[PDB]
């Protein structure tokens, strides 16, 4: 891993653990492996997506926020917003107690990471209905050119966006 990505991995483990969800570290590592294995065309799509990032990032999660992979989608979207220095709305369905807890967990992690990065624009894990959440996710992917599949694909793609943002930071 590059120093910047290793820094983010460690900061995420600290945030995951402090928020009471240390098991998310292993899940993130599986996403890191998937991103590192991405074919050239997927990397090219990630570079093109970063070029299309909006002034305010609006998205939603494609799976239930009471799952580890759903928490990770919300966290990674928040990380993309923080690294791009934009306000963000990350819609989630928070109807059941497990969903509300997952949204609160994602919010705690996202706030810790944004603070560690000095990102001052607001990034909010935002409770909404299924239609709003699904619409925002589809619009985000379509605006960026990212095909919408499963949570694994979205987590991989969001982490590839992160990697591109770090590459742009390093570039001259």
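Numbering follows the first chain given and starts at 1.
Of the two stretches examined, 148-156 and 15-23, the record assigns the greater average C-alpha temperature factor to 148-156. Set 53-61 against 110-118 and average the Cα temperature factors; 110-118 ends up higher.
Set against one another, the Cα B-factors of 34, 48, 123, 42 in the record reach their highest point at 42.
The PDB entry assigns residue 139 a C-alpha temperature factor belonging to the middle third of its chain's modelled residues. When all modelled residues of the chain are sorted by CA temperature factor, residue 88 is found within the lowest third. Sort the chain's modelled residues by C-alpha temperature factor and residue 165 lands in the lowest third, per the entry. In this PDB entry, residue 130 carries a Cα temperature factor that places it within the highest third of its chain's modelled residues. The entry lists a Cα temperature factor for residue 29 that places it in the lowest third of the chain's modelled residues.
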